[PDB]
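Okay, here we've got a single chain as structure tokens, the form deposited in one PDB entry, with questions on binding and movement later.
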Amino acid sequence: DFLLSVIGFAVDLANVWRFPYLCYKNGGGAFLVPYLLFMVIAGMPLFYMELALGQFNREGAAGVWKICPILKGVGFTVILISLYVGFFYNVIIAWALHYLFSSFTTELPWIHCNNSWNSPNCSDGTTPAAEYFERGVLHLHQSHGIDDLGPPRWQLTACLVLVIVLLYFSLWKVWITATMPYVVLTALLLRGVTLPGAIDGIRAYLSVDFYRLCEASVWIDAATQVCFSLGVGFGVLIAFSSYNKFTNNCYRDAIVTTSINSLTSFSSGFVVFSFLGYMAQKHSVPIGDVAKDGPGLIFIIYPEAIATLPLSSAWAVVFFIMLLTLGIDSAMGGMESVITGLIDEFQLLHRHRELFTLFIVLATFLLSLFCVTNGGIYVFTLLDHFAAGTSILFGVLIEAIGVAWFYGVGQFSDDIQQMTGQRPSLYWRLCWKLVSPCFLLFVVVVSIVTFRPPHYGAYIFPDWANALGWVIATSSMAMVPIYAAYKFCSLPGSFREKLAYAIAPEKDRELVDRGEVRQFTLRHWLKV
């Protein structure tokens, strides 16, 4: 089935690991409003556009730009973004595998403070779960900062090797993941709702304060989260649709995938806040002082409020199995996109697919070895801030501007009506033409203007770390102007001739040679 592949990749660890984190950081309802607004405004139109554009041209993440030859660097931008994201996406899978391996006993290791990895400041005041996660799994206490990393730990490197071997051996030439995560999530939700004290947690979840909406950070977080979770801006949807039947309904597929993604995120947040409220009632603390903010919320809160219920081992086992299955598919899809795009762009290493895949896998493993050191959480934070960031928004904005303005939203609608029996309505055309590009441009400009450098707890990153992060972002962002300059210089003729052959699709060549260019008039740009 084609739908099960799109659903499997779209729903990932971002629905269950990042959404509750950003909800707890920005309060209950101050994050749900911009998220839903940006979702309806841009996420669904971009998903539909990506599916249709991939299905029609049938060339891949970079070969679809025969409709605009000069804007072809955005095809390499998405490949670079996927490669960067893969450098830290697999470490979470390694952590989940480690927890699953260590959660097969009658005495869970995060129960009390009578172990060798504890400190005299254990609550049982720091809770034993956070102390375990930070001193027996990560060994964070043996590092001073990002300038003192230390050698890699051999315990997490084995899990990294296992994940890498699985990926390579499944990518050298879905049905299980279709149902199990949803069953586990529903069981967890049913268990969490009935726990005493969860009503206050859901009350905090469904309450919005109108002072955080006036700051230009919740909107950036919501836009970035929507783009990251949906999967737009990686080049995966284009490649997926390039292999699909011509007479296929991408409208229905986009609607269903978006609805499922939103429902999954909402359920994950509801469960997390119910557990937080239960823990807060169990102890004597406010909800906002239960755990510190960071990308360890689901590794600290879940074991803590799972170790109190009867049959905790089974709950832990199913939780970590669901975590593994929900992420292996997306980790596979990203590398599939990178490899297939790079092998279809350059038809010299085509039959040499085995060696190219081996090289890509080796590079991913070697460069992800940086996050398994003693101070690897700082590298993880830096990558999580600077890999998708404003680069993904810039790429999405460039793709939308290309497809709409430089090609014709009317021409796009005519192509869709040829591929199907219907013409997209005025809502979709208006969104694509005006609504998504304007909001994306505003968000990109605001994100550049306001920096807010990353941090972990009470640790402040130095200057060179921020410089390196900005270099990482600019490396993927700067693929468009370089290829534009190369393409303009490579073409022969005069400036007018070069522009005519650079901004026109590679199908109106006879019309251009006759001297008639549609892009050189005003009705082309004033058409909605």
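Start at 1 and count along the sequence shown; that's the residue number. C-alpha atoms forming the largest set that superposes within 1.5 Å between two forms make up the rigid core.
Missing here is the form deposited in another entry; even so, the following discussion is about that form.
Taking the rigid core as fixed, one finds a CA shift for residue 151 smaller than 2 Å between the shown form and the other one. A displacement of less than 2 angstroms separates the C-alpha positions of residue 441 between the shown form and the other one, with the rigid core held in common.
After superposing the rigid core, the Cα of residue 308 is displaced by 2 Å or more between the shown form and the other one.
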